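There are 2 protein chains.
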Amino acid sequence: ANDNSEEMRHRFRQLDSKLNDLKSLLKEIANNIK
Amino acid sequence: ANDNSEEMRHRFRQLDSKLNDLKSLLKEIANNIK
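Chains B and A supply the protein sequences, listed in that same order. Count along the first sequence from 1, add 1070, and you get the number used in the entry's author numbering. Count along the second sequence from 1, add 1070, and you get the number used in the entry's author numbering.
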């Protein structure tokens, strides 16, 4: 049983968590400046 | 031997490095404002 969907999928999930970390950083700066 | 997984994969790696550069910029601004 072999597939290449889950490896790109796991890439998508880890970049999604990176983007959410970046969103948390942006909302941190949004709370700090205001 | 032909595949299209590695070209989209290399796109994913170069955008991941772009995102990490953006994270370094955000942490630079996070260090500068504070």
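Backbone N, C-alpha and C define an ideal beta-carbon position, used for all residues, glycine too.
Our two residues, residue 1101 of chain A and residue 1094 of chain A, have alpha carbons roughly 10 Å apart in a direct line. At a cut-off of 8 Å, the C-beta of residue 1095 of chain A has no neighbouring C-beta in chain B. The DSSP-derived three-state label of residue 1104 of chain B is coil. Of all residues in the region 1075 to 1102 of chain B, only 1078, 1081, 1085, 1088, 1089, 1091, 1092, 1095, 1096, 1098, 1099 and 1102 come within less than 8 Å of chain A when Cβ atoms are compared, listed by chain position.
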